[PDB]
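Have a look at the structure below before the remarks.
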Amino acid sequence: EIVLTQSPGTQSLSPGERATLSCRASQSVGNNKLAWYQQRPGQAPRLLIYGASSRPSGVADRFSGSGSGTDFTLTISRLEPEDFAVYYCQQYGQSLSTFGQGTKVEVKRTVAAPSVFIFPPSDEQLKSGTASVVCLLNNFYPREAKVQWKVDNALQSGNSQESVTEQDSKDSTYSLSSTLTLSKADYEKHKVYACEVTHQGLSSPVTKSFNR
Amino acid sequence: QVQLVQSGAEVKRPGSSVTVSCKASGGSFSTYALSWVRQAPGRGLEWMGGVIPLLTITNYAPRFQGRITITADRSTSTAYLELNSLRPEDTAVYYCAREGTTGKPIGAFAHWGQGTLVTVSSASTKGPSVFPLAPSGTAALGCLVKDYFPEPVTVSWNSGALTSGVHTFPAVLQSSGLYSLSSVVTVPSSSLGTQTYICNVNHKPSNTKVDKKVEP
Amino acid sequence: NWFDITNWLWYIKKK
């Protein structure tokens, strides 16, 4: 099986800048049968390059492919806003075709600390036997952030989940939502509900809390 | 010219089999290679296999050899993927993909279907509860859309009039096998006294359509 | 290579 390595898996670049994306193969790709695809969130992939260097009509000429053997490169001469997306390489030089894991090209911007908000459970939800506490981390950059839930200063495990938005098209930030879920009976056993946030933009962790 | 149209979303129980169709319109169906590629949530593309209809020549990835069948009906220009012994990790968007031309074929996949979401789950259709996230220069407020199945849910604010500062998050899959999502908006604190904020939640499978007023 | 078969089918169906 040919393993395709796309490293780095993320590149943070500015509009107008050049991008070069690497695809390294574990063994020689037969007849340079290497393709590149773009994929935007919630869309099917789109072919950019085939045969290592051939560009279909309709693909912008700011995209070019090069390389042979085990060493392939996708070049974007000047990034336009629509070029911030995920790029996948694919080899089809053997009957077992394989894809790389993708490189996300994202917009670099200044570091932004999250604005943190905590929401107690609604009286409506409490009537139903469950309690959900939500922590919002709004408009931060870069994407890496950590949330810890503490209940009466006890670190929680196994009772929270989180998700993160796509990079905002206007301000290039991310946001994150985390939900801590307890039974109503367990929620009523504790007083202090806290979410503790770690991020590059914060010199020390930020805690938002309420007392039940 | 070439258009690939797939069958609709499927919910399948663990251990069952799923069949996804791909109907091609335009071009020549019999002599061009059709592949299936899947993508699990938040993960990469994975080539599964393909068929050349004219020769009935299949080519399966070793990972799927023993659980996959790809067939082609020349009379209807339709290709089919069958995947057996389904497991939760088979939850993915399944795409059909046909090679391009320079016509002379290129191997690489120029033409893609719209994708088919296959969800492998023991859960039954369930509409969400919609709970306010009440606000405490800037305030945050939102709605928690809790315990629904299957995907998707859509959310707007003020019937689409409010988009600035809105973040609707990806759903999470809870230990019950039900989904939960949140949607938030940041607004000026001064607007809380007087402006109405309504989250419009739509879950078509359960016919859950809630317009939740979120107030201080 | 299965990915080369349709190129052969194209070549032989021209002539």
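Simple scheme: letters A, B, ... for chains in structure tokens order, numbers from 1 for residues in each chain, numbers from 1 for ligands in the order shown.
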
Tell me, which residues of stretch 49-125 of chain B carry DSSP strand (DSSP E), written as a PyMOL selection string?
-> chain B and resi 49-52+57-60+68-73+78-83+92-101+105-112+116-120

Quick one: write out the picked residues with N, CA and C atoms as a CSV table (one decimal), in the first residue's frame?
chain,number,residue,atom,x,y,z
B,49,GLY,N,-13.3,1.6,-3.7
B,49,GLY,CA,-13.3,0.7,-4.9
B,49,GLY,C,-14.0,1.3,-6.0
B,50,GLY,N,-14.0,0.6,-7.2
B,50,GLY,CA,-14.6,1.1,-8.4
B,50,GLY,C,-15.0,0.0,-9.3
B,51,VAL,N,-15.7,0.4,-10.4
B,51,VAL,CA,-16.1,-0.5,-11.4
B,51,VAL,C,-16.0,0.1,-12.8
B,52,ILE,N,-15.6,-0.7,-13.8
B,52,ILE,CA,-15.7,-0.4,-15.2
B,52,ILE,C,-16.9,-1.1,-15.7
B,57,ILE,N,-15.6,-5.0,-14.5
B,57,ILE,CA,-14.3,-5.2,-13.8
B,57,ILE,C,-14.3,-4.4,-12.6
B,58,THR,N,-14.4,-5.0,-11.4
B,58,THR,CA,-14.4,-4.3,-10.1
B,58,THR,C,-12.9,-4.3,-9.6
B,59,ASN,N,-12.7,-3.4,-8.7
B,59,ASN,CA,-11.4,-3.2,-8.0
B,59,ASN,C,-11.7,-2.6,-6.6
B,60,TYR,N,-11.5,-3.4,-5.6
B,60,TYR,CA,-11.8,-3.1,-4.2
B,60,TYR,C,-10.5,-2.8,-3.4
B,68,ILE,N,-17.8,-5.4,0.6
B,68,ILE,CA,-18.3,-4.5,-0.5
B,68,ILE,C,-18.7,-5.2,-1.8
B,69,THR,N,-19.7,-4.6,-2.4
B,69,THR,CA,-20.0,-5.1,-3.8
B,69,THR,C,-20.3,-3.8,-4.6
B,70,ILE,N,-19.7,-3.6,-5.7
B,70,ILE,CA,-20.0,-2.5,-6.6
B,70,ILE,C,-20.5,-3.1,-7.9
B,71,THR,N,-21.7,-2.6,-8.4
B,71,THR,CA,-22.4,-3.1,-9.6
B,71,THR,C,-22.7,-1.9,-10.5
B,72,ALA,N,-23.0,-2.2,-11.7
B,72,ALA,CA,-23.4,-1.2,-12.7
B,72,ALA,C,-24.4,-1.7,-13.6
B,73,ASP,N,-25.5,-1.0,-13.8
B,73,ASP,CA,-26.6,-1.3,-14.7
B,73,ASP,C,-26.5,-0.3,-15.9
B,78,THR,N,-26.7,3.5,-14.0
B,78,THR,CA,-26.6,3.6,-12.6
B,78,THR,C,-25.6,2.7,-12.0
B,79,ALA,N,-24.8,3.2,-11.1
B,79,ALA,CA,-23.8,2.3,-10.3
B,79,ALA,C,-24.3,2.2,-8.9
B,80,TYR,N,-24.0,1.2,-8.3
B,80,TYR,CA,-24.4,0.8,-6.9
B,80,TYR,C,-23.2,0.4,-6.0
B,81,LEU,N,-23.3,0.9,-4.8
B,81,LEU,CA,-22.4,0.5,-3.7
B,81,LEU,C,-23.2,-0.3,-2.7
B,82,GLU,N,-22.8,-1.5,-2.4
B,82,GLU,CA,-23.4,-2.2,-1.3
B,82,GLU,C,-22.2,-2.4,-0.3
B,83,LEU,N,-22.5,-2.1,1.0
B,83,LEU,CA,-21.6,-2.3,2.1
B,83,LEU,C,-22.3,-3.1,3.2
B,92,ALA,N,-20.7,7.8,7.6
B,92,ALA,CA,-19.8,8.7,6.7
B,92,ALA,C,-20.7,9.2,5.6
B,93,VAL,N,-20.1,10.2,4.9
B,93,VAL,CA,-20.7,10.6,3.6
B,93,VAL,C,-20.0,9.8,2.5
B,94,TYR,N,-20.8,9.1,1.7
B,94,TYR,CA,-20.3,8.3,0.6
B,94,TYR,C,-20.5,9.0,-0.7
B,95,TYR,N,-19.5,9.2,-1.4
B,95,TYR,CA,-19.5,9.8,-2.7
B,95,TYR,C,-19.2,8.9,-3.9
B,96,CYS,N,-19.9,9.0,-5.0
B,96,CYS,CA,-19.5,8.4,-6.2
B,96,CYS,C,-18.6,9.4,-7.0
B,97,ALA,N,-17.7,8.9,-7.7
B,97,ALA,CA,-16.7,9.8,-8.5
B,97,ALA,C,-16.4,9.1,-9.8
B,98,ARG,N,-16.5,9.9,-10.8
B,98,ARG,CA,-16.1,9.3,-12.2
B,98,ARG,C,-14.9,10.0,-12.7
B,99,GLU,N,-14.0,9.3,-13.4
B,99,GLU,CA,-12.8,9.8,-14.0
B,99,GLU,C,-13.2,10.9,-15.0
B,100,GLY,N,-12.3,11.8,-15.2
B,100,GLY,CA,-12.4,12.9,-16.2
B,100,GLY,C,-11.9,12.4,-17.6
B,101,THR,N,-11.9,13.4,-18.5
B,101,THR,CA,-11.4,13.2,-19.9
B,101,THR,C,-10.5,14.4,-20.2
B,105,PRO,N,-9.6,9.1,-21.2
B,105,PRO,CA,-9.8,9.2,-19.8
B,105,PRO,C,-8.5,9.5,-19.0
B,106,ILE,N,-8.7,10.1,-17.8
B,106,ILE,CA,-7.5,10.7,-17.1
B,106,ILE,C,-7.3,9.9,-15.8
B,107,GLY,N,-8.2,9.0,-15.4
B,107,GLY,CA,-8.0,8.2,-14.1
B,107,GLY,C,-8.5,9.0,-12.9
B,108,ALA,N,-8.0,10.2,-12.7
B,108,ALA,CA,-8.4,11.1,-11.6
B,108,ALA,C,-9.8,11.5,-11.7
B,109,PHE,N,-10.4,11.9,-10.5
B,109,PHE,CA,-11.9,12.0,-10.4
B,109,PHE,C,-12.3,13.4,-10.6
B,110,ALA,N,-12.8,13.7,-11.9
B,110,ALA,CA,-13.3,15.0,-12.3
B,110,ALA,C,-14.7,15.2,-11.8
B,111,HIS,N,-15.5,14.2,-11.7
B,111,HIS,CA,-17.0,14.3,-11.6
B,111,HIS,C,-17.4,13.6,-10.2
B,112,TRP,N,-18.1,14.3,-9.4
B,112,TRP,CA,-18.4,13.8,-8.0
B,112,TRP,C,-20.0,13.9,-7.9
B,116,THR,N,-23.9,10.9,-0.1
B,116,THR,CA,-25.0,10.3,0.6
B,116,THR,C,-24.6,10.1,2.1
B,117,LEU,N,-25.3,10.7,3.0
B,117,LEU,CA,-24.9,10.4,4.5
B,117,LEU,C,-25.6,9.0,4.8
B,118,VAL,N,-24.7,8.1,5.3
B,118,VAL,CA,-25.2,6.8,5.9
B,118,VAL,C,-24.8,6.9,7.4
B,119,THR,N,-25.9,6.8,8.2
B,119,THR,CA,-25.7,6.8,9.7
B,119,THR,C,-26.0,5.4,10.1
B,120,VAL,N,-25.0,4.8,10.8
B,120,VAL,CA,-25.1,3.5,11.4
B,120,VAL,C,-25.4,3.6,12.9

Hey, what's within 9 Å of residue B:17 if we count only C-alpha atoms and toss same-chain stuff fewer than 3 positions away? As a count of residues only, please?
-> 8

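Applying a distance limit of 9 Å to only C-alpha atoms, the residues of chain C near chain B read residues 2, 3, 4, 5, 6, 7, 9, 10 and 11 of chain C.
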
Go ahead and write the residues just picked, N, CA, C and O atoms, as a PDB file, in the first residue's frame.
ATOM      1  N   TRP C   2      -5.492  -1.199 -12.650  1.00  0.00           N
ATOM      2  CA  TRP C   2      -6.913  -1.063 -13.032  1.00  0.00           C
ATOM      3  C   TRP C   2      -7.182   0.356 -13.544  1.00  0.00           C
ATOM      4  O   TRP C   2      -8.048   0.515 -14.380  1.00  0.00           O
ATOM      5  N   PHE C   3      -6.512   1.386 -12.989  1.00  0.00           N
ATOM      6  CA  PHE C   3      -6.777   2.780 -13.407  1.00  0.00           C
ATOM      7  C   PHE C   3      -6.306   3.051 -14.840  1.00  0.00           C
ATOM      8  O   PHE C   3      -6.677   4.114 -15.330  1.00  0.00           O
ATOM      9  N   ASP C   4      -5.621   2.111 -15.511  1.00  0.00           N
ATOM     10  CA  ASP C   4      -5.176   2.263 -16.924  1.00  0.00           C
ATOM     11  C   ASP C   4      -6.116   1.553 -17.899  1.00  0.00           C
ATOM     12  O   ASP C   4      -5.989   1.770 -19.126  1.00  0.00           O
ATOM     13  N   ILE C   5      -7.073   0.767 -17.416  1.00  0.00           N
ATOM     14  CA  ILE C   5      -7.900  -0.069 -18.323  1.00  0.00           C
ATOM     15  C   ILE C   5      -8.729   0.817 -19.252  1.00  0.00           C
ATOM     16  O   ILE C   5      -8.798   0.499 -20.467  1.00  0.00           O
ATOM     17  N   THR C   6      -9.377   1.871 -18.751  1.00  0.00           N
ATOM     18  CA  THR C   6     -10.283   2.653 -19.636  1.00  0.00           C
ATOM     19  C   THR C   6      -9.468   3.361 -20.738  1.00  0.00           C
ATOM     20  O   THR C   6     -10.047   3.615 -21.778  1.00  0.00           O
ATOM     21  N   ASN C   7      -8.199   3.676 -20.501  1.00  0.00           N
ATOM     22  CA  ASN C   7      -7.327   4.292 -21.520  1.00  0.00           C
ATOM     23  C   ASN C   7      -7.150   3.267 -22.641  1.00  0.00           C
ATOM     24  O   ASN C   7      -7.263   3.641 -23.813  1.00  0.00           O
ATOM     25  N   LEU C   9      -9.263   0.822 -23.357  1.00  0.00           N
ATOM     26  CA  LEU C   9     -10.596   0.668 -24.003  1.00  0.00           C
ATOM     27  C   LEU C   9     -10.775   1.828 -24.986  1.00  0.00           C
ATOM     28  O   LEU C   9     -11.267   1.610 -26.084  1.00  0.00           O
ATOM     29  N   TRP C  10     -10.357   3.031 -24.604  1.00  0.00           N
ATOM     30  CA  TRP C  10     -10.498   4.229 -25.462  1.00  0.00           C
ATOM     31  C   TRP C  10      -9.684   4.034 -26.743  1.00  0.00           C
ATOM     32  O   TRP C  10     -10.205   4.328 -27.839  1.00  0.00           O
ATOM     33  N   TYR C  11      -8.461   3.541 -26.601  1.00  0.00           N
ATOM     34  CA  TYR C  11      -7.492   3.427 -27.717  1.00  0.00           C
ATOM     35  C   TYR C  11      -8.054   2.427 -28.733  1.00  0.00           C
ATOM     36  O   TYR C  11      -8.042   2.689 -29.963  1.00  0.00           O
TER      37      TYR C  11
END

Give me, as a count of residues only, the contact residues of chain A against chain C at a cut-off of 8 Å, counting only C-alpha atoms.
-> 4

Determine which residues of chain B sit within 9 Å of chain A, taking into account only C-alpha atoms, and present them as a VMD selection string.
-> chain B and resid 43 to 49 59 to 62 95 100 to 102 106 to 115 129 to 136 139 to 141 144 167 to 174 181 to 184 186

Could you write out the selected residues, including N, CA and C atoms, as a compact mmCIF listing (two decimals), in the first residue's frame?
# COMPACT_ATOMS: atom_id res chain seq x y z
N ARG B 43 -13.06 13.74 9.14
CA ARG B 43 -11.92 12.90 8.70
C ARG B 43 -11.66 13.11 7.21
N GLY B 44 -10.68 12.37 6.70
CA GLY B 44 -10.26 12.53 5.31
C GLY B 44 -11.04 11.67 4.33
N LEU B 45 -10.70 11.81 3.07
CA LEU B 45 -11.24 10.97 1.98
C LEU B 45 -10.60 9.58 1.97
N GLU B 46 -11.40 8.54 1.71
CA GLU B 46 -10.91 7.17 1.63
C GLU B 46 -11.49 6.52 0.37
N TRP B 47 -10.64 6.11 -0.55
CA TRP B 47 -11.07 5.36 -1.75
C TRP B 47 -11.47 3.95 -1.33
N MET B 48 -12.66 3.53 -1.73
CA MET B 48 -13.19 2.20 -1.34
C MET B 48 -13.06 1.18 -2.48
N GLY B 49 -13.28 1.61 -3.71
CA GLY B 49 -13.29 0.69 -4.86
C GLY B 49 -13.96 1.33 -6.04
N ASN B 59 -12.73 -3.37 -8.67
CA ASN B 59 -11.42 -3.15 -8.02
C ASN B 59 -11.74 -2.63 -6.63
N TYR B 60 -11.49 -3.43 -5.61
CA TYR B 60 -11.83 -3.09 -4.22
C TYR B 60 -10.54 -2.85 -3.43
N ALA B 61 -10.60 -1.87 -2.55
CA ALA B 61 -9.53 -1.64 -1.58
C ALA B 61 -9.49 -2.85 -0.67
N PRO B 62 -8.30 -3.39 -0.35
CA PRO B 62 -8.21 -4.53 0.57
C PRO B 62 -9.01 -4.34 1.87
N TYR B 95 -19.47 9.17 -1.44
CA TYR B 95 -19.49 9.84 -2.75
C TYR B 95 -19.22 8.85 -3.86
N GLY B 100 -12.32 11.84 -15.17
CA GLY B 100 -12.41 12.86 -16.21
C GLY B 100 -11.88 12.42 -17.56
N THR B 101 -11.92 13.37 -18.51
CA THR B 101 -11.38 13.19 -19.86
C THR B 101 -10.47 14.39 -20.18
N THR B 102 -9.58 14.26 -21.17
CA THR B 102 -8.66 15.37 -21.55
C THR B 102 -9.44 16.40 -22.38
N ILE B 106 -8.67 10.15 -17.83
CA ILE B 106 -7.51 10.66 -17.06
C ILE B 106 -7.31 9.88 -15.75
N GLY B 107 -8.21 8.97 -15.36
CA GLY B 107 -8.05 8.23 -14.09
C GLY B 107 -8.53 9.04 -12.88
N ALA B 108 -8.00 10.23 -12.68
CA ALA B 108 -8.37 11.13 -11.58
C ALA B 108 -9.84 11.51 -11.67
N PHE B 109 -10.44 11.86 -10.53
CA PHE B 109 -11.91 11.97 -10.40
C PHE B 109 -12.34 13.41 -10.65
N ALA B 110 -12.80 13.68 -11.86
CA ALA B 110 -13.29 15.01 -12.26
C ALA B 110 -14.74 15.24 -11.82
N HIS B 111 -15.54 14.18 -11.75
CA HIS B 111 -16.99 14.28 -11.55
C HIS B 111 -17.37 13.61 -10.24
N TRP B 112 -18.06 14.33 -9.38
CA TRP B 112 -18.44 13.83 -8.04
C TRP B 112 -19.95 13.95 -7.89
N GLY B 113 -20.55 12.94 -7.28
CA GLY B 113 -21.92 13.06 -6.82
C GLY B 113 -22.02 14.01 -5.63
N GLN B 114 -23.24 14.26 -5.18
CA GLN B 114 -23.49 15.21 -4.07
C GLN B 114 -23.20 14.57 -2.70
N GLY B 115 -22.97 13.27 -2.67
CA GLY B 115 -22.74 12.53 -1.42
C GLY B 115 -24.04 11.99 -0.85
N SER B 129 -35.55 18.78 22.16
CA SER B 129 -36.01 19.85 23.06
C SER B 129 -35.18 21.10 22.72
N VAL B 130 -35.79 22.27 22.78
CA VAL B 130 -35.09 23.54 22.50
C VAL B 130 -35.16 24.38 23.77
N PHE B 131 -33.99 24.64 24.34
CA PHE B 131 -33.87 25.37 25.61
C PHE B 131 -33.16 26.68 25.38
N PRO B 132 -33.59 27.75 26.06
CA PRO B 132 -32.89 29.03 25.92
C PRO B 132 -31.54 29.00 26.66
N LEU B 133 -30.60 29.75 26.12
CA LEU B 133 -29.34 30.14 26.80
C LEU B 133 -29.50 31.64 27.06
N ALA B 134 -30.10 32.02 28.19
CA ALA B 134 -30.50 33.42 28.44
C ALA B 134 -29.26 34.29 28.63
N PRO B 135 -29.29 35.55 28.16
CA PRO B 135 -28.17 36.45 28.44
C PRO B 135 -28.13 36.82 29.93
N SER B 136 -26.92 36.91 30.49
CA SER B 136 -26.60 37.35 31.88
C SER B 136 -27.28 38.69 32.19
N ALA B 139 -23.28 41.15 25.06
CA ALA B 139 -23.96 40.01 25.69
C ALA B 139 -23.98 38.82 24.73
N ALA B 140 -23.96 37.62 25.29
CA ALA B 140 -24.14 36.38 24.52
C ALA B 140 -25.47 35.76 24.93
N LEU B 141 -26.16 35.20 23.96
CA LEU B 141 -27.38 34.42 24.23
C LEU B 141 -27.45 33.31 23.19
N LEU B 144 -30.07 25.85 23.02
CA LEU B 144 -29.53 24.48 23.10
C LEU B 144 -30.58 23.55 22.50
N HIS B 167 -23.18 32.09 15.73
CA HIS B 167 -22.39 30.86 15.56
C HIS B 167 -23.28 29.66 15.84
N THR B 168 -23.51 28.83 14.83
CA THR B 168 -24.23 27.55 15.03
C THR B 168 -23.17 26.46 14.95
N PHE B 169 -23.07 25.67 16.02
CA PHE B 169 -21.96 24.73 16.19
C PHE B 169 -22.30 23.38 15.58
N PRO B 170 -21.28 22.59 15.19
CA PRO B 170 -21.51 21.21 14.82
C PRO B 170 -22.17 20.45 15.97
N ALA B 171 -23.04 19.52 15.62
CA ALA B 171 -23.63 18.64 16.64
C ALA B 171 -22.57 17.72 17.22
N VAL B 172 -22.83 17.33 18.45
CA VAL B 172 -22.12 16.23 19.11
C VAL B 172 -23.05 15.04 19.29
N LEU B 173 -22.48 13.85 19.24
CA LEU B 173 -23.20 12.58 19.41
C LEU B 173 -22.98 12.11 20.84
N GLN B 174 -24.04 12.07 21.62
CA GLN B 174 -24.01 11.76 23.05
C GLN B 174 -23.98 10.24 23.25
N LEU B 181 -26.92 20.11 19.68
CA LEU B 181 -26.16 21.25 19.12
C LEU B 181 -26.55 22.53 19.83
N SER B 182 -25.67 23.51 19.75
CA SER B 182 -25.97 24.86 20.27
C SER B 182 -25.84 25.87 19.14
N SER B 183 -26.55 26.96 19.31
CA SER B 183 -26.43 28.14 18.44
C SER B 183 -26.42 29.37 19.34
N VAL B 184 -25.50 30.29 19.09
CA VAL B 184 -25.35 31.50 19.93
C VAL B 184 -25.27 32.73 19.05
N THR B 186 -23.86 36.97 19.68
CA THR B 186 -23.44 38.09 20.54
C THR B 186 -24.07 39.37 20.01

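Note that DSSP on the backbone gives helix (DSSP H, G or I) to these residues of stretch 5-171 of chain A: residues 30, 31, 32, 81, 82, 83, 123, 124, 125 and 126 of chain A.
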
Would you mind exporting the chosen residues as a tab-separated table (two decimals), in the first residue's frame, restricted to N, CA, C and O atoms?
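Listing of again.tsv after writing:
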chain	number	residue	atom	x	y	z
A	30	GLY	N	3.47	5.10	-9.61
A	30	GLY	CA	3.51	4.64	-11.01
A	30	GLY	C	3.11	5.73	-11.99
A	30	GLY	O	2.03	6.30	-11.83
A	31	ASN	N	3.96	5.97	-13.01
A	31	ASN	CA	3.69	6.92	-14.12
A	31	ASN	C	3.21	8.29	-13.60
A	31	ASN	O	2.47	8.97	-14.31
A	32	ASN	N	3.64	8.70	-12.40
A	32	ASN	CA	3.32	10.03	-11.83
A	32	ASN	C	1.80	10.24	-11.81
A	32	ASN	O	1.34	11.34	-11.96
A	81	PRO	N	-9.29	34.58	-1.45
A	81	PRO	CA	-10.14	34.13	-0.34
A	81	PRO	C	-10.76	32.74	-0.47
A	81	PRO	O	-10.84	31.98	0.51
A	82	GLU	N	-11.16	32.38	-1.69
A	82	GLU	CA	-11.80	31.07	-1.94
A	82	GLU	C	-10.80	29.91	-1.86
A	82	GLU	O	-11.25	28.75	-1.91
A	83	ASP	N	-9.50	30.19	-1.81
A	83	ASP	CA	-8.45	29.14	-1.80
A	83	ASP	C	-8.19	28.60	-0.39
A	83	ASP	O	-7.42	27.63	-0.24
A	123	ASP	N	-34.70	26.77	33.49
A	123	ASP	CA	-35.74	26.21	34.38
A	123	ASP	C	-36.56	25.18	33.57
A	123	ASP	O	-36.93	24.12	34.15
A	124	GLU	N	-36.78	25.45	32.28
A	124	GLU	CA	-37.52	24.51	31.38
A	124	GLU	C	-36.81	23.15	31.36
A	124	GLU	O	-37.48	22.11	31.50
A	125	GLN	N	-35.51	23.12	31.17
A	125	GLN	CA	-34.79	21.83	31.14
A	125	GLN	C	-34.86	21.16	32.51
A	125	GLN	O	-35.05	19.94	32.57
A	126	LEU	N	-34.67	21.92	33.58
A	126	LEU	CA	-34.67	21.33	34.95
A	126	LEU	C	-35.99	20.61	35.23
A	126	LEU	O	-35.93	19.50	35.83

Quick one: everything within 8 Å of residue A:149, counting only C-alpha atoms, minus sequence neighbours fewer than 5 positions away in the same chain. Send it as a PyMOL selection string.
-> chain A and resi 155-156+180+193-196

Take the residues from that selection and put them in a file with C-alpha atoms, as a short mmCIF file (atom, residue, chain, number, x, y, z; two decimals), in the first residue's frame.
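Now in part-v1.cif:
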data_model
loop_
_atom_site.label_atom_id
_atom_site.label_comp_id
_atom_site.auth_asym_id
_atom_site.auth_seq_id
_atom_site.Cartn_x
_atom_site.Cartn_y
_atom_site.Cartn_z
CA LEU A 155 -12.36 18.29 37.53
CA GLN A 156 -15.08 16.56 35.45
CA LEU A 180 -21.59 19.60 30.64
CA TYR A 193 -20.16 25.32 38.32
CA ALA A 194 -17.04 26.59 36.51
CA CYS A 195 -15.43 26.41 33.07
CA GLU A 196 -11.69 27.09 32.93
#

Mind checking which residues fall within 7 Å of residue B:155, counting only C-alpha atoms, ignoring those fewer than 3 positions away in the same chain, and posting them as a VMD selection string?
-> chain B and resid 199 to 202

Selection file, C-alpha atoms, as a PDB file, in the first residue's frame:
ATOM      1  CA  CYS B 199     -34.052  30.994  17.394  1.00  0.00           C
ATOM      2  CA  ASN B 200     -35.783  29.134  14.559  1.00  0.00           C
ATOM      3  CA  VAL B 201     -35.028  25.395  14.875  1.00  0.00           C
ATOM      4  CA  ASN B 202     -36.028  22.930  12.115  1.00  0.00           C
TER       5      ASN B 202
END

Show which residues sit within 7 Å of residue A:64, as a PyMOL selection string. Count only C-alpha atoms, and ignore same-chain residues fewer than 6 positions away.
-> chain A and resi 53+74-76

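Note that the spacing between atom CA of residue A:2 and atom CA of residue A:71 amounts to 12.8 Å.
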
Extract, using only C-alpha atoms, all DNA, RNA and protein residues at most 12 Å from residue B:121, discarding same-chain residues fewer than 4 positions from it, and format them as an NGL selection string.
-> :B and (10-16 or 86-92 or 125 or 149-151 or 173 or 175-179)

Go ahead and save the residues from that selection, with N, CA, C and O atoms, as a short mmCIF file (atom, residue, chain, number, x, y, z; two decimals), in the first residue's frame.
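Okay, this is what ended up in selection_7.cif:
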data_model
loop_
_atom_site.label_atom_id
_atom_site.label_comp_id
_atom_site.auth_asym_id
_atom_site.auth_seq_id
_atom_site.Cartn_x
_atom_site.Cartn_y
_atom_site.Cartn_z
N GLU B 10 -29.47 7.65 4.49
CA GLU B 10 -29.90 6.33 4.97
C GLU B 10 -29.54 6.26 6.46
O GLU B 10 -28.44 6.64 6.82
N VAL B 11 -30.42 5.69 7.28
CA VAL B 11 -30.10 5.23 8.65
C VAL B 11 -30.20 3.72 8.61
O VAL B 11 -31.23 3.18 8.19
N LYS B 12 -29.13 3.07 9.07
CA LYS B 12 -29.03 1.61 9.05
C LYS B 12 -28.61 1.09 10.42
O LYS B 12 -27.79 1.71 11.08
N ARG B 13 -29.15 -0.05 10.80
CA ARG B 13 -28.80 -0.65 12.09
C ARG B 13 -27.45 -1.37 11.98
O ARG B 13 -27.06 -1.90 10.93
N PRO B 14 -26.69 -1.44 13.08
CA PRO B 14 -25.46 -2.22 13.09
C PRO B 14 -25.72 -3.67 12.64
O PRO B 14 -26.74 -4.30 13.01
N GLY B 15 -24.82 -4.15 11.77
CA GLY B 15 -24.88 -5.50 11.22
C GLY B 15 -25.65 -5.59 9.93
O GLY B 15 -25.57 -6.62 9.28
N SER B 16 -26.34 -4.51 9.55
CA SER B 16 -27.16 -4.52 8.32
C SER B 16 -26.27 -4.20 7.11
O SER B 16 -25.04 -4.07 7.22
N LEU B 86 -22.44 -3.64 8.76
CA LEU B 86 -22.18 -2.23 9.09
C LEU B 86 -21.87 -2.08 10.58
O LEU B 86 -22.49 -2.74 11.46
N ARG B 87 -20.99 -1.14 10.86
CA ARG B 87 -20.56 -0.81 12.23
C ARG B 87 -20.63 0.70 12.38
O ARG B 87 -20.66 1.43 11.39
N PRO B 88 -20.70 1.23 13.62
CA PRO B 88 -20.81 2.69 13.80
C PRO B 88 -19.73 3.48 13.04
O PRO B 88 -19.98 4.59 12.53
N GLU B 89 -18.54 2.91 12.90
CA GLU B 89 -17.40 3.58 12.22
C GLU B 89 -17.60 3.64 10.70
O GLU B 89 -16.86 4.34 10.01
N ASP B 90 -18.65 3.02 10.18
CA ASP B 90 -19.03 3.18 8.76
C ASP B 90 -19.91 4.41 8.55
O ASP B 90 -20.28 4.71 7.40
N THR B 91 -20.30 5.11 9.60
CA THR B 91 -21.03 6.38 9.48
C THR B 91 -20.15 7.35 8.71
O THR B 91 -19.02 7.66 9.14
N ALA B 92 -20.65 7.85 7.58
CA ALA B 92 -19.82 8.65 6.69
C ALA B 92 -20.69 9.21 5.58
O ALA B 92 -21.81 8.71 5.35
N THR B 125 -35.92 7.83 15.34
CA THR B 125 -36.25 9.25 15.10
C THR B 125 -36.76 9.88 16.39
O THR B 125 -37.66 9.33 17.04
N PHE B 149 -32.54 12.88 16.71
CA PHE B 149 -31.98 11.87 15.79
C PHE B 149 -32.90 11.76 14.60
O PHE B 149 -34.13 11.80 14.78
N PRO B 150 -32.41 11.58 13.36
CA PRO B 150 -31.00 11.67 12.96
C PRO B 150 -30.63 13.12 12.62
O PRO B 150 -31.40 14.04 12.80
N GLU B 151 -29.42 13.32 12.12
CA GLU B 151 -29.04 14.60 11.49
C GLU B 151 -29.90 14.80 10.25
O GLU B 151 -30.40 13.83 9.66
N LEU B 173 -22.48 13.85 19.24
CA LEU B 173 -23.20 12.58 19.41
C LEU B 173 -22.98 12.11 20.84
O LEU B 173 -21.83 11.79 21.23
N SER B 175 -23.71 9.84 24.48
CA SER B 175 -23.64 8.40 24.83
C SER B 175 -24.97 7.69 24.56
O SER B 175 -24.96 6.48 24.28
N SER B 176 -26.16 8.40 24.56
CA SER B 176 -27.48 7.84 24.23
C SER B 176 -27.60 7.51 22.74
O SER B 176 -28.58 6.85 22.39
N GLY B 177 -26.70 8.01 21.89
CA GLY B 177 -26.83 7.92 20.43
C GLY B 177 -27.69 9.04 19.87
O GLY B 177 -27.99 8.99 18.68
N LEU B 178 -28.06 10.00 20.70
CA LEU B 178 -28.79 11.19 20.22
C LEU B 178 -27.82 12.35 20.07
O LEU B 178 -26.84 12.46 20.83
N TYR B 179 -28.15 13.26 19.17
CA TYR B 179 -27.33 14.45 18.92
C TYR B 179 -27.77 15.63 19.78
O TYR B 179 -28.95 15.71 20.20
#

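The environment of stretch 161-163 of chain B within 10 Å, counting only C-alpha atoms and disregarding residues fewer than 3 places along the same chain, consists of residues 156, 157, 158, 166, 167, 185, 197, 198 and 199 of chain B.
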